[PDB]
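Single chain ahead, by itself, as structure tokens, in the form solved without this ligand.
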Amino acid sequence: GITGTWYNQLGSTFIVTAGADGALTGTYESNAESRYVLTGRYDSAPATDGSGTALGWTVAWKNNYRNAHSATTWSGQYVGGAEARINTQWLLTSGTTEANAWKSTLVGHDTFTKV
């Protein structure tokens, strides 16, 4: 259910493989200059009462072409069924000096679908 290609509504696309050990690994494409490594974890033996599957991943925004000095972690759940969704909240953290530490983190949410 998780393994595959997921789209948000801003044109972003990620491809993930959900491993039996509970590993999540893939590529987030914000172009080869826009592709980044993702890595995370998921609940590999979820409850079967209609609850969703807890998961999370991280992208550090560096590849072989560019570097944003920042990272995004998404925390959320997979909802199967009808048309599957991954509903998430995210944190974006940027490298800053001590003095700008207070404005280092952005918070948001994102929903991914299989189409």
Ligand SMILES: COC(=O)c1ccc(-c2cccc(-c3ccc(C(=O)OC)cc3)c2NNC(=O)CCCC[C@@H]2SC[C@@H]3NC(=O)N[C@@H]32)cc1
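Note that residue numbering begins at 1 and tracks the sequence as displayed.
Not on display, but discussed next: the form deposited with this ligand bound.
For residue 84, no non-hydrogen atom is located within 4.5 Å of this ligand in the deposited complex, even though that partner is not displayed. In the deposited complex, residue 10 approaches this ligand with a heavy atom inside 4.5 Å. Taking non-hydrogen atoms only, residue 68 approaches this ligand to within 4.5 angstroms in the deposited complex. When contacts are judged by a 4.5 Å heavy atom cut-off, residue 92 counts as touching this ligand in the deposited complex. For the partner-free chain shown, 28, 29, 30, 36 of 21-56 come within 4.5 angstroms of this ligand in the deposited complex, judged by any non-hydrogen atom.
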